[PDB]
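J.: Dumping the structure here so I can ask a few things about it.
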Amino acid sequence: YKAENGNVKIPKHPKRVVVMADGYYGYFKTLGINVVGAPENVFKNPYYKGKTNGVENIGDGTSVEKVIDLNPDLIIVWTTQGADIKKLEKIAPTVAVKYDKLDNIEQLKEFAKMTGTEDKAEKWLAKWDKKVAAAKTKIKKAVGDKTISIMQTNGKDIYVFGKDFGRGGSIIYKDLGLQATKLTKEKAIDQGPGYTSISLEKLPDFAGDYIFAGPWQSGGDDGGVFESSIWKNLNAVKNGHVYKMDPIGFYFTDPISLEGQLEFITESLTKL
């Protein structure tokens, strides 16, 4: 059908897709499309491997040779993935998808039109819109109108995320309608491209009543922030309103990964 990389007619009702874009794997596994290969991370996501990977192979997303051997019938990859968009076309209809062009929820609706299973898609949106109801209440009835901030650490820099950049932020601020610090909203939501880099200095400005902290990438030095003097000085840390966050798990935004995401947020704010 139509695409950012020229209209390259796709076979309706495929049966062998190679999701080159890790992020979009959970979207196909949910819709029903049979995937035949996905990059590294896909198997490293808890929400994924944790319970899904019947017949899919690996490959970081470069070896243009491993892609053929899987004899796909559809090659769906990010526009800026990194692999030559022309070469992959030499294997099977290759549909390039612009990163963040679409939404997060709407992005699954597209992958439903592109294929031909809207009935399996609309079936999910029902379950989602439903879980949210429960959660939105249970939460508000257990946290009132406090301030919840999502932030990750990278060296000496900290990224206090808002509503537009992943990390459950779509869940926290949109799907849950929870409020953040007047500053997190002022620079990470009502402005920023989704996040706001900071330092150990600018922290008691963002740190809300509850924190969803966690490292930037799995395996490595936390930077010394979570082990700093100002971080443990905060009020949110004291009361015990800090919940680590698995980066590999919180990096996706597909359906399967969101359910686990929101679910984590829920118990992390309803326990006594």
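By convention in this document, the chains of the structure tokens carry letters A, B, ... by their order, each chain's residues are numbered from 1, and ligands are numbered from 1 in the order they are shown.
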Going by DSSP on the backbone, which bits of region 55-233 of chain A are alpha helix (DSSP H)? Write them as a PyMOL selection string, please.
T.: chain A and resi 66-69+85-88+106-113+118-143+169+182-188
J.: What lies within 12 Å of residue 91 (chain A) using only C-alpha atoms, ignoring chain neighbours under 4 positions off, as a list in words?
T.: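 Non-adjacent residues within range: residues 17, 18, 64, 65, 66, 67, 68, 69, 70, 71, 72, 73, 74, 75, 76, 85, 86, 87 and 95 of chain A.
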J.: Got a sec: who's within 12 Å of residue 1 (chain A), counting only C-alpha atoms, leaving out chain neighbours fewer than 2 positions off, as number ranges by chain?
T.: A: 3-12, 74, 93-96, 110-111, 113-116
J.: Taking only C-alpha atoms into account, which of A:124, A:172, A:162, A:217 comes nearest residue 191 (chain A)?
T.: A:162
J.: Separation of CA of residue 127 (chain A) and CA of residue 40 (chain A), in Å?
T.: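 Going from CA of residue 127 (chain A) over to CA of residue 40 (chain A), I get 28.9 Å.
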J.: Tell me which protein, DNA and RNA residues are within 12 Å of residue 109 (chain A), counting only C-alpha atoms, leaving out same-chain ones fewer than 2 positions away, and put them as a list in words.
T.: residues 27, 28, 30, 31, 102, 103, 104, 105, 106, 107, 111, 112, 113, 114, 115, 116, 117, 118, 119, 120, 121, 122, 123, 124, 125, 254 and 255 of chain A
J.: Quick one: residues within 10 Å of region 137-151 of chain A, only C-alpha atoms, excluding same-chain residues fewer than 4 positions away - as a PyMOL selection string?
T.: chain A and resi 132-133+158-163+166-169+172-173+176-182+184-185+195-197+206-216+236+241-243+245+265-272
J.: Which is closest to residue 136 (chain A) among A:61, A:202, A:263, A:90, if we use only C-alpha atoms?
T.: A:263
J.: List every residue of region 118-204 of chain A that has an atom at most 7 Å from any atom of region 218-235 of chain A, and for each one report the closest atom pair and its distance in Å to one decimal, counting only C-alpha atoms, with rows sorted by chain and then by increasing residue number, as JSON lines.
T.:
{"residue": "A:153", "atom": "CA", "partner": "A:222", "partner_atom": "CA", "distance": 6.6}
{"residue": "A:154", "atom": "CA", "partner": "A:223", "partner_atom": "CA", "distance": 6.2}
{"residue": "A:155", "atom": "CA", "partner": "A:223", "partner_atom": "CA", "distance": 4.0}
{"residue": "A:156", "atom": "CA", "partner": "A:223", "partner_atom": "CA", "distance": 5.4}
{"residue": "A:200", "atom": "CA", "partner": "A:225", "partner_atom": "CA", "distance": 7.0}
{"residue": "A:204", "atom": "CA", "partner": "A:234", "partner_atom": "CA", "distance": 6.7}
J.: Could you write out the selected residues, including N, CA and C atoms, as a PDB file, in the first residue's frame?
T.:
ATOM      1  N   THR A 153      18.356   7.857  34.561  1.00  0.00           N
ATOM      2  CA  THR A 153      19.698   8.421  34.733  1.00  0.00           C
ATOM      3  C   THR A 153      20.708   7.900  33.738  1.00  0.00           C
ATOM      4  N   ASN A 154      21.544   8.819  33.244  1.00  0.00           N
ATOM      5  CA  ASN A 154      22.615   8.505  32.294  1.00  0.00           C
ATOM      6  C   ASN A 154      23.870   9.310  32.619  1.00  0.00           C
ATOM      7  N   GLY A 155      24.735   8.687  33.408  1.00  0.00           N
ATOM      8  CA  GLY A 155      25.960   9.327  33.816  1.00  0.00           C
ATOM      9  C   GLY A 155      25.615  10.343  34.876  1.00  0.00           C
ATOM     10  N   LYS A 156      25.931  11.597  34.602  1.00  0.00           N
ATOM     11  CA  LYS A 156      25.639  12.653  35.546  1.00  0.00           C
ATOM     12  C   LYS A 156      24.360  13.351  35.130  1.00  0.00           C
ATOM     13  N   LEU A 200      22.357  16.918  38.910  1.00  0.00           N
ATOM     14  CA  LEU A 200      22.075  16.664  40.321  1.00  0.00           C
ATOM     15  C   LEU A 200      21.537  17.927  40.994  1.00  0.00           C
ATOM     16  N   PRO A 204      15.383  18.744  43.009  1.00  0.00           N
ATOM     17  CA  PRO A 204      14.310  19.040  43.965  1.00  0.00           C
ATOM     18  C   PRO A 204      13.280  19.978  43.320  1.00  0.00           C
TER      19      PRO A 204
END
J.: Just give me the gap between CA of residue 51 (chain A) and CA of residue 32 (chain A) in Å, one decimal is fine.
T.: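 These atoms are spaced 15.4 Å apart.
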J.: Near residue 56 (chain A), within 9 Å and counting only C-alpha atoms, which residues show up once chain neighbours fewer than 4 positions away are dropped, as an NGL selection string?
T.: :A and (18 or 35-38)
J.: Any chance you could export the current selection's N, CA, C and O atoms as a short mmCIF file (atom, residue, chain, number, x, y, z; two decimals), in the first residue's frame?
T.:
data_model
loop_
_atom_site.label_atom_id
_atom_site.label_comp_id
_atom_site.auth_asym_id
_atom_site.auth_seq_id
_atom_site.Cartn_x
_atom_site.Cartn_y
_atom_site.Cartn_z
N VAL A 18 9.10 -9.96 8.75
CA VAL A 18 10.35 -9.72 9.46
C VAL A 18 10.29 -8.31 10.03
O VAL A 18 10.52 -7.33 9.32
N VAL A 35 5.25 -13.34 12.77
CA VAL A 35 6.58 -12.77 12.63
C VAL A 35 7.54 -13.91 12.39
O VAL A 35 7.30 -15.02 12.84
N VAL A 36 8.63 -13.66 11.69
CA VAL A 36 9.57 -14.73 11.47
C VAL A 36 10.96 -14.36 11.97
O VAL A 36 11.86 -15.20 12.02
N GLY A 37 11.13 -13.09 12.35
CA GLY A 37 12.41 -12.63 12.86
C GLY A 37 12.40 -11.22 13.44
O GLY A 37 11.81 -10.31 12.88
N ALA A 38 13.04 -11.04 14.58
CA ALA A 38 13.09 -9.71 15.16
C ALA A 38 14.46 -9.50 15.77
O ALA A 38 15.12 -10.45 16.17
#
J.: In terms of the shortest atom-to-atom distance over only C-alpha atoms, which of A:192, A:247, A:50, A:23 is closest to residue 78 (chain A)?
T.: A:23
J.: Could you pull out the residues in region 40-158 of chain A that DSSP calls strand (DSSP E or B) from the backbone, as a PyMOL selection string?
T.: chain A and resi 57+74-78+94-97+147-154+157-158
J.: Deliver the residues from the most recent selection as a file, using N, CA and C atoms, as a short mmCIF file (atom, residue, chain, number, x, y, z; two decimals), in the first residue's frame.
T.:
data_model
loop_
_atom_site.label_atom_id
_atom_site.label_comp_id
_atom_site.auth_asym_id
_atom_site.auth_seq_id
_atom_site.Cartn_x
_atom_site.Cartn_y
_atom_site.Cartn_z
N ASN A 57 13.51 -15.78 14.79
CA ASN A 57 14.96 -15.73 14.84
C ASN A 57 15.43 -14.33 15.22
N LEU A 74 7.17 -10.18 3.70
CA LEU A 74 6.98 -8.78 4.09
C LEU A 74 8.09 -8.34 5.06
N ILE A 75 8.73 -7.23 4.70
CA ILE A 75 9.83 -6.64 5.46
C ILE A 75 9.41 -5.26 5.98
N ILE A 76 9.01 -5.18 7.24
CA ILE A 76 8.59 -3.91 7.79
C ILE A 76 9.71 -3.36 8.69
N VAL A 77 10.31 -2.23 8.29
CA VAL A 77 11.41 -1.64 9.06
C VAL A 77 11.28 -0.13 9.24
N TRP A 78 11.93 0.42 10.26
CA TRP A 78 11.88 1.87 10.52
C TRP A 78 12.54 2.63 9.39
N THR A 94 9.17 -4.08 1.06
CA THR A 94 9.68 -3.42 2.24
C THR A 94 8.95 -2.10 2.49
N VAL A 95 8.23 -2.05 3.61
CA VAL A 95 7.46 -0.88 4.04
C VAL A 95 8.18 -0.12 5.16
N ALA A 96 8.67 1.07 4.84
CA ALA A 96 9.38 1.90 5.81
C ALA A 96 8.38 2.73 6.61
N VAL A 97 8.57 2.75 7.92
CA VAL A 97 7.68 3.49 8.78
C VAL A 97 8.43 4.55 9.55
N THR A 147 1.87 14.21 42.80
CA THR A 147 2.67 14.40 41.60
C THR A 147 3.56 13.21 41.30
N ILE A 148 3.37 12.63 40.13
CA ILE A 148 4.13 11.47 39.72
C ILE A 148 5.11 11.81 38.58
N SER A 149 6.41 11.57 38.79
CA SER A 149 7.37 11.84 37.73
C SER A 149 8.18 10.60 37.33
N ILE A 150 8.39 10.47 36.02
CA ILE A 150 9.14 9.38 35.40
C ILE A 150 10.48 9.97 35.01
N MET A 151 11.57 9.39 35.49
CA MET A 151 12.92 9.86 35.15
C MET A 151 13.97 8.76 35.09
N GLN A 152 14.91 8.91 34.17
CA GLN A 152 15.97 7.94 33.99
C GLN A 152 17.34 8.61 34.12
N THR A 153 18.36 7.86 34.56
CA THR A 153 19.70 8.42 34.73
C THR A 153 20.71 7.90 33.74
N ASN A 154 21.54 8.82 33.24
CA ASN A 154 22.61 8.51 32.29
C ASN A 154 23.87 9.31 32.62
N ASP A 157 23.85 12.99 33.95
CA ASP A 157 22.61 13.59 33.44
C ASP A 157 21.40 12.73 33.75
N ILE A 158 20.28 13.39 34.06
CA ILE A 158 19.01 12.75 34.38
C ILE A 158 17.95 13.26 33.41
#
J.: Quick check, in Å to one decimal: how far apart do CA of residue 41 (chain A) and CA of residue 26 (chain A) lie?
T.: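 Going from CA of residue 41 (chain A) over to CA of residue 26 (chain A) covers 11.8 Å.
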J.: For each of A:53, A:92, A:25, A:199, take the minimum atom-to-atom distance to residue 108 (chain A), counting only C-alpha atoms, then give the residue where this is smallest.
T.: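 Comparing A:53, A:92, A:25, A:199 against residue 108 (chain A), the winner is A:25.
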